[PDB]
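A.B. asks: Right, I'll just put the structure down here and ask away after.
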Amino acid sequence: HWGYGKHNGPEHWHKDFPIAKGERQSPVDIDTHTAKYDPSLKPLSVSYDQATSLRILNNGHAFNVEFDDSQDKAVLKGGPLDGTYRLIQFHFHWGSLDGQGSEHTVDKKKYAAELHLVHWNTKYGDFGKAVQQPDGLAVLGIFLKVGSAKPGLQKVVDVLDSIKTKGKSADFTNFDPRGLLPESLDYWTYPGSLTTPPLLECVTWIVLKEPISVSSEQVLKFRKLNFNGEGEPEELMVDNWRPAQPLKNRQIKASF
Ligand SMILES: CCN[C@H]1CN(CCOCC)S(=O)(=O)c2sc(S(N)(=O)=O)cc21
Ligand SMILES: [Hg+2]
Ligand SMILES: [Zn+2]
């Protein structure tokens, strides 16, 4: 079934998820010169102080850190959003080399990886309902460049040993996701989709302008995970990123 390999990669997904060819597919290239500065855009409000992480999991596609989304603990509001969106999980997409890995590109520049903090609109009751809605999800996207070490990422890097193969999970309580945020919360926003199957066109994408840097040692560790389950032939989990999609009559708005 789907993946990122020659035989089941992005170029094939349309055969089972026809929406892959739709009107607001993600990721896209942010062309800085034609993005419209919008002054009606409010600041983001990220309230991650009371977030409760529970578990990290290798799901065969990436590793996800999941959060308890039963009460308004970590929420995103403001920006292009109306309403409150709950953090349910975060994951990354990364490359096999440092000059690729981001899904979204900025003027065709690709970053080493990209963090997605997935949120769902609480007005819809539960996550599974939010994914049937045009404005059901908001994903906060953060570019990562190789440079200095990010202190708050180390905690995630250490556990990766425990979850090397598909289907393994480790408990991962008390992680503060605030340690993954940049200094500036300036962003670009546009309406788009999930970048993995089922490729649903449910998302307001908030892509922050400022990257976080991680060391090559940290993102190296990402590259040692496996797409395979235990006892299957080993395939290193790298390049789990979808290429940019045509913007097809959408306008990327900028808060700056
Ligand atoms: C491996 C599948 N990843 C999916 C899993 N999604 C659930 C989809 O099915 C709901 C019925 S999700 O909302 O958690 C989600 S957000 C992103 S991304 N890259 O666009 O930030 C991918 C995915
Ligand atoms: Hg949708
Ligand atoms: Zn993602």
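Bear in mind these aren't lab numbers, they're just calculated from the coordinates by the rules spelled out. Ideal geometry is used to build each Cβ from the backbone, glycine not excepted, and the neighbour counts take in all protein chains shown.
A.B. asks: Name every residue in segment 173-188 that is farther than 22 Å from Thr122 by Cα and within 16 Å of ligand 1 (Cβ to nearest atom), in order of residue number.
C.D. replies: Hits for segment 173-188 are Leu180, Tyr187, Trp188.
A.B. asks: Now, a different point. Consider segment 228-251. How many of its residues are surrounded by 21 or more Cβ atoms within 10 Å (Cβ to Cβ) and either over 18 Å from the mean Cα position of the chain (by Cα) or of a type outside the set (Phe, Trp, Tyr) (or both)?
C.D. replies: 4
Per-residue answers, yes or no, for (1) part of a strand (DSSP E or B); (2) more than 16 Å from ligand 1 (Cβ to nearest atom):
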site: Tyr190; (1), (2): yes, no
site: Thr196; (1), (2): no, no
site: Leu200; (1), (2): no, no
site: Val207; (1), (2): yes, no
site: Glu210; (1), (2): no, yes
site: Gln218; (1), (2): no, yes
site: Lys224; (1), (2): no, yes
site: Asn240; (1), (2): no, no
site: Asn249; (1), (2): no, yes
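A.B. asks: So, one more: Being part of a loop (DSSP other than H, G, I, E, B), within 16 Å of ligand 2 (Cβ to nearest atom) and either of a type outside the set (D, E, K, R) or touching a residue at least 12 places away in the same chain (Cβ under 8 Å) (or both): is that true of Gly99 here?
C.D. replies: No, not satisfied.
A.B. asks: For segment 102-141, how many residues are near ligand 3 (Cβ under 10 Å from one of its atoms), part of a strand (DSSP E or B) and not hydrophobic (A, V, I, L, M, F, W, C)?
C.D. replies: Of the residues in segment 102-141, 3 are near ligand 3 (Cβ under 10 Å from one of its atoms), part of a strand (DSSP E or B) and not hydrophobic (A, V, I, L, M, F, W, C).
Quick grid of which residues meet (1) within 15 Å of ligand 1 (Cβ to nearest atom); (2) not aliphatic (A, V, I, L, M):
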| position | (1), (2) |
| --- | --- |
| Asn64 | yes, yes |
| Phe67 | yes, yes |
| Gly83 | no, yes |
| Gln89 | yes, yes |
| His104 | yes, yes |
| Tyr111 | yes, yes |
| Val118 | yes, no |
| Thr122 | yes, yes |
| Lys129 | yes, yes |
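A.B. asks: Another one. Hey, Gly136 hits all of (1) buried (at least 16 other Cβ atoms within 10 Å of the Cβ); (2) more than 16 Å from ligand 2 (Cβ to nearest atom); (3) over 15 Å from the mean Cα position of the chain (by Cα) but one; which does it fall short on?
C.D. replies: Failed condition: (2).
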